[PDB]
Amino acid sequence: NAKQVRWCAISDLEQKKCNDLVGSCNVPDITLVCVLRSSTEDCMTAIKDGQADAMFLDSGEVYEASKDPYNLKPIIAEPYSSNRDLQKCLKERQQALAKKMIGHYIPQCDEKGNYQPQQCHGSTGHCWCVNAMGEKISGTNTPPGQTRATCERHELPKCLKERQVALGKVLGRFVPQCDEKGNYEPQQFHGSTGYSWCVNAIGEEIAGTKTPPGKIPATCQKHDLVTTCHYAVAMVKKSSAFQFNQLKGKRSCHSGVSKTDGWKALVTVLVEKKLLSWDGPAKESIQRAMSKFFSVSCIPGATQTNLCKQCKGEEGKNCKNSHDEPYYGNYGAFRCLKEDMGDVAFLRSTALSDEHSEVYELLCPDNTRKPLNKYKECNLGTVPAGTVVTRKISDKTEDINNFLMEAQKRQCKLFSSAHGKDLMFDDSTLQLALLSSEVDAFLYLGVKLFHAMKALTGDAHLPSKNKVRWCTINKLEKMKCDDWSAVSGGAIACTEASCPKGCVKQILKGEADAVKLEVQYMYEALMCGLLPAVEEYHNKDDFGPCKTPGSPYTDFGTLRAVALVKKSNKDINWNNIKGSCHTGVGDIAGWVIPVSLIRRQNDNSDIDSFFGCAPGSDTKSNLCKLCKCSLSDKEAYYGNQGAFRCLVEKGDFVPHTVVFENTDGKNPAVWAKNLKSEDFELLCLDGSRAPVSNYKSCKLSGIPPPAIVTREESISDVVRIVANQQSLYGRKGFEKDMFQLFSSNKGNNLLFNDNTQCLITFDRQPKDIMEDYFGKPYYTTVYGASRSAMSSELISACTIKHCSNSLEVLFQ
């Protein structure tokens, strides 16, 4: 029935606005309640205690909020416009139609879902022109009763036109590789010359990343072009004459001690410019070093008296993280500078307006001054948007989201008030969208910014070059790793995660050093800059590579994905497979490799309508009938052998080893006992029906081996410690009676697969690391040889956001 959402207010003005929303905003079955506290930190505590449910935090406060004594988590935030947004016109049309208002602009889309080149605001009669991303072409807005601008289609991305400008007069210049939708691949390979280099979002080469053919190519990050960026700036009056390197001793006003635009961006610049004498957060609090840097200041929330001297709040509210302090916030910091209580104001660029351009200007970190409109060139760094937070337990996230989504639909005045600016939310907020429940402080801030916040609060870990922290995914692995650590002589330590993805995050966060990953997780890990140090070797026939490291191997023990049929017992070939059964929807050989080939050779729909048992593929489906159909042992057609039972029972895609298993009498069953290796064989493309013994040639694809990944700067140490530990323990080790790497009484396949022969150091080749790990057939088949084949919250956190006024640049 009726639920309630308790919003926390840090000030009297915020409670006045919040109570206005309680009266004027009617959301059915949700009741808004306003809880009052005296500061930002007291509101975070109230949410932690269950006294309130939601509040809005600056991005600079997200990291500290995620820890004791707050333990808060971002749930709702304003989305930015990226150059990777799909079906944007359709989504934007739905949102506008969802608004409970009449006469608002509703974007117009064609049949394909693209923007119509001309967009009109029906209620006002104004029309304008737009590119493929919906951005208004400058100057094309016309009122009713006036000749309209004629609108061209701007649908050709920047790269795709460069392909056919270089494809041309039989020249020899280079052609770029770009993923679908025309975006530049971050890694570029020159066809004529073995050179490799890397580009940003708009395809221009970054810098020192070009490499000759014989050398290892650079490790290069995915870039995204994002619009509307806000910046941290230092604002000063034109009357003053000092520059940035003369800030010491001056009077300053800051939006807040915990805010990026008021403190954290400034401290980063002061340290990099060597203007701030600071030993470090372990030796000295950053506030103490800053207290000696400035003479007197107003920095709301500060615990040094001189940093609170210039504040204007009445006693009990002076220097508080609250609008009760008149100088709090971006506009509060501007007010102090206006009233000559400080010589410089540190605030967000959103508080800049052309009205201030007469008296005010910007203080640039290169010791120059520039006008306000040059803030994109005169700033202390980008500031990501704030976010709504709640408890990590996330008990009331659903109720909080339903309220804000409904309040936005009903045009409630969330982002403005007569009482003041930036109350409850940033006034610049256009909309708030729900975040994935996977998102936390690390994923929201991103890998680079997270470490900057971690280092700034003195939680930065420095890994020991002589110890490897190994991440586990369950209690049994933790027990075996503890057994390993106790016999490692300080070389091995153990961390705990719930899944391999969590282990990858811990390595990126600096909380762990190494983990073994199956093939499914390698795409994200390699995308985030991790690298394989050692890999599981499974060739039980050859021991040369294990006994002596560096000696070559003939077969790494890889599985090969193949399609097994009987020899003309059935007359099937690859080209008439329409009208087979698979191990499982998630398995690589059973599903990933075949389905990737199918969709690649004729762009269509595999989900159904291509075949005439594939567990985990819904029910009442084309294949789920042949099996019920659960991705579980309880289905008798699940797994490697389960897919073998399907080939014999109404047979029409498995690893190569499965046929040799059960055959020749190996599996005691009523069905698969009296069949032999001459009865079955495999489908190759265009070749077909090799005697199942010609795999490695009659294969759909090879499957790369499991890899142990780590950071690039930890590669040499991890392999060194693993190699030393492998000589002691594991198969044929000096102290193998003390402990075993590839077997355990705690369980099976802990940390590594128990059938692993040994770990072999990864031989890196002068090739793309995605190709270098996966191999060209697997990389091309499964992921299209592209860095954009899959997207996720983890990959987004590992993606560099590159600011641009508009996406327009990608179209001309």
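Note that residue numbering begins at 1 and tracks the sequence as displayed.
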(message) With neighbours modelled on both sides, does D483 go without coordinates in a third or more of the other PDB entries compared?
(response) no
(message) Is it the case that at least a third of the other compared entries omit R391, given both of its neighbours are modelled there?
(response) no
(message) I want to verify a possible break: how many residues of the deposited sequence sit between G579 and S580 without any coordinates (none, 1 to 3, 4 to 9, 10 or more)?
(response) 1 to 3
(message) Quick check on the record: how many residues from the deposited sequence are absent from the model between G168 and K169 (none, 1 to 3, 4 to 9, 10 or more)?
(response) 1 to 3
(request) Taking the mean of the C-alpha B-factors per stretch from the entry, tell me the winner out of 570-578 and 179-187. (result) 570-578
(request) Would you mind comparing 638-646 and 368-376 for me and telling me which has the higher average C-alpha temperature factor in the entry? (result) 638-646
(request) Using the entry's values, work out which of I708, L530, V130, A589 has the largest Cα B factor. (result) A589
(request) Please pick out which of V271, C298, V654, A265 has the largest Cα B-factor as recorded in the entry. (result) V654
(request) Taking the chain's C-alpha temperature factors as the reference, tell me which third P28 falls into: lowest, middle or highest. (result) middle
(request) State the tercile, meaning the lowest, middle or highest third, of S239 with respect to the CA B-factors recorded for its chain. (result) middle
(message) Sorting by Cα B-factor within the chain, modelled residues only, which third would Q757 end up in: lowest, middle or highest?
(response) highest
(request) Please rank the C-alpha B-factors of the chain's modelled residues and tell me whether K767 sits in the lowest, middle or highest third. (result) highest
(request) Give the position of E152 by CA B-factor within its chain, expressed as the lowest, middle or highest third. (result) middle
